[PDB]
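Counting neighbours? That spans all protein chains shown, and the Cβs are built from the backbone with ideal geometry, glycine included. Each value in this text was obtained by applying a stated rule to the coordinates, not by laboratory testing.
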């Protein structure tokens, strides 16, 4: 197998119409995080776990329409209540690791709601062609977060 | 107090006059890595350990002459023998986390040695000012790696 690595930094800024503590709870509470992050559609998360603390972990394993395992695992490094979450994570398709990332999620109250900046520093492995999927997936994820906050 | 985050990506390319398996072995063997990575001389070595596997942990704690703890903790993610190491790590000064990083170390054989590319994607926290510390500290490490490899023969 030919080994290679491609690095990138992705940044997404969102302005949510919700108070900062409520936005943060959407990340800290397993029931909430599962709902918006792991349940992407009429298809519920079948295999989700969260231990939300520095030194903690998160897991979401999903079989796609074609039976391919998308295995997400994260390890929490820094958590400042209502202000910041930093975690490293990896994605595997089947048993093949396609990427590793350091994600920073920063939150701050602003007039009208919350400003959130999501930064992902990622490395894609061994010829896996991202082709913008990571940024698109993340944008849609945060769209779902916003929908979740509205439904509340 | 004032929360902030500053992101950067540092890239270092070092060439070593040692073959790839031997260079890689200096990273994979705890007793080898301790010799080049866990020393300072004037500082107090407090603890070093390495569990070199995906999901494994590494620590390196040292205290400066002011009694200030410099704490390195790493979590390994991807390991391809003689080719690649990826780990995430954090640094603390005392009880204060100053950074978190994703580090990729790529190894490639070339005529008469090994090409190493060390990419660190880092976030500095809460007003901590790097100003060359990270790159310089990493190079010191690699200097010592190089010397370690020369001492082996």
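With B:141, B:137, B:132 as the choices, which residue is closer than 24 Å to residue A:9 by Cα and under 11 Å from the mean Cα position of the chain (by Cα)?
Matching residue, one of B:141, B:137, B:132: B:137.
Given the structure, is residue B:8 surrounded by fewer than 17 Cβ atoms within 10 Å (Cβ to Cβ) and more than 10 Å from every other protein chain (Cβ to nearest Cβ)?
no
Can you pull out every residue in region A:1-21 that is out of contact with any strand residue (DSSP E or B) (no Cβ under 8 Å at 6 or more places or on another chain) and in a helix (DSSP H, G or I)?
A:21 - this is the single residue of region A:1-21 that is out of contact with any strand residue (DSSP E or B) (no Cβ under 8 Å at 6 or more places or on another chain) and in a helix (DSSP H, G or I).
Out of B:125, B:135, report the one residue that is in contact (Cβ under 8 Å) with a residue 60 or more places away in the chain, closer than 24 Å to residue A:119 by Cα, within 14 Å of chain A (Cβ to nearest Cβ) and touching a strand residue (DSSP E or B) at 6+ places or on another chain (Cβ under 9 Å).
On inspection, the qualifying residue turns out to be B:125.
Quickly run through region B:50-89 and pick out the residues that are surrounded by fewer than 16 Cβ atoms within 10 Å (Cβ to Cβ), facing chain A (nearest Cβ under 10 Å) and touching a residue at least 24 places away in the same chain (Cβ under 8 Å).
Selection gives B:54 alone.
Could you check region A:90-122 and list, in sequence order, the residues that are more than 9 Å from chain B (Cβ to nearest Cβ), free of Cβ contacts under 8 Å to residues at least 40 places away in the same chain and either under 16 Å from the mean Cα position of the chain (by Cα) or part of a strand (DSSP E or B) (or both)?
A:91, A:92, A:93, A:96, A:98, A:99, A:103, listed by residue number.
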